[PDB]
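Quick heads-up: it's one chain on its own, the form deposited in one PDB entry, in structure tokens.
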């Protein structure tokens, strides 16, 4: 009867619920450092990872991300031979960093072998429910065979789940159940945790083991990314904000005179070909990845400057939030003004 009475006690927050409180600062946005260390064999210049989705990251995107100082995860919706080849294609081009997504299946180990042979830097054990026993066991099975391999496991949204994956052998934990722009998990199954609260809860546990977390999904604007990092995440994972980029898979298509690209959930009907937990759609074309990355990092620099963070470590450990209502949100966006042109970082 303790489980019965504790059903509705927990409370969760997401990005649009909060703002970062300005702090004393003697650092300029130009001066701040945005480097992150996921592991001793995996370091990034910028805290950005492109999602391992069929409409987001393949060879070209992974190469582009690695060159902006980020990281790309090759999706698993292709043959083992195809993924190992694309991973190699990224490694061919200057010894850039590259990751590959692997699902929890029978052929999982076989796929990982061809990936490790292709000198992949990290594998992403992707599953909808990262707190499942099957996922945990497969992490252990993989950890045993490759102790020197970077293992990124997810997705989870609780501290209990984070501890479970870390103990299984995961050195990076991916956080996010339902916040995705193309996701319908919370709608069709009713399951999830508000992403900021999820990140905070998991980071609270991950810190105790010196393990980094990845904030994955739900990021609409560059400010959301700053919030995610300040909530405990080392690095974020983006899907929709990279999907309209030239380097992302798919072809540019015209709808009502504008340029779009296909963006679909990996749990959508189209991506599968279980009940679907994703949606299919399109996002505006945005040209080269460099322009989008520049606005994102530039937003992050401004944010860190406001908070007085010389590095992301200070940001995670010192940044304070303040909660706001819907009226606060509307004030936070432009209001009572007819916007006449698009800014490079707004709509």
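In this text, rigid core is short for the largest set of C-alphas that superpose within 1.5 Å between two forms. Numbering follows the first chain given and starts at 1.
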Deposited residues missing from the model between residue 251 and residue 252 number none
Of 53-61 and 318-326, the stretch whose C-alpha atoms average the higher B-factor in the entry:
53-61
When the C-alpha temperature factors are averaged for each of 222-230 and 125-133, which stretch ends up with the higher value in the entry?
125-133
Could you check 90, 215, 183, 73 and tell me which one carries the biggest Cα B-factor in the deposited entry?
90
Name the one of 196, 96, 202, 153 with the greatest CA B-factor according to the PDB entry.
96
Chain-relative CA temperature factor third for residue 162:
middle
Using the temperature factors of the C-alpha atoms in this entry, rank residue 3 within its chain: lowest, middle or highest third.
middle
CA B-factor placement of residue 192, once the chain's modelled residues are sorted into thirds:
lowest
Going by the recorded CA B-factors, say which third of the chain residue 174 sits in, lowest, middle or highest.
lowest
Cα B factor band for residue 269 (lowest, middle or highest third within the chain):
middle
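Heads up, the form deposited in another entry isn't pictured, but that's what we're talking about next.
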If I align on the rigid core, exactly one of 164, 142, 183, 172 should have its C-alpha move by 2 Å or more between this form and the one not shown; which residue is that?
183
My question is whether residue 131 is one of the residues whose C-alpha shifts by 2 Å or more between this form and the one not shown, given a fit on the rigid core.
yes
Determine whether the C-alpha of residue 326 shifts by 2 Å or more between this form and the one not shown once the rigid core is superposed.
yes
Closer or farther: the C-alpha atoms of residue 181 and residue 293 in the other form, versus the form shown, with a change of 3 angstroms or more?
farther
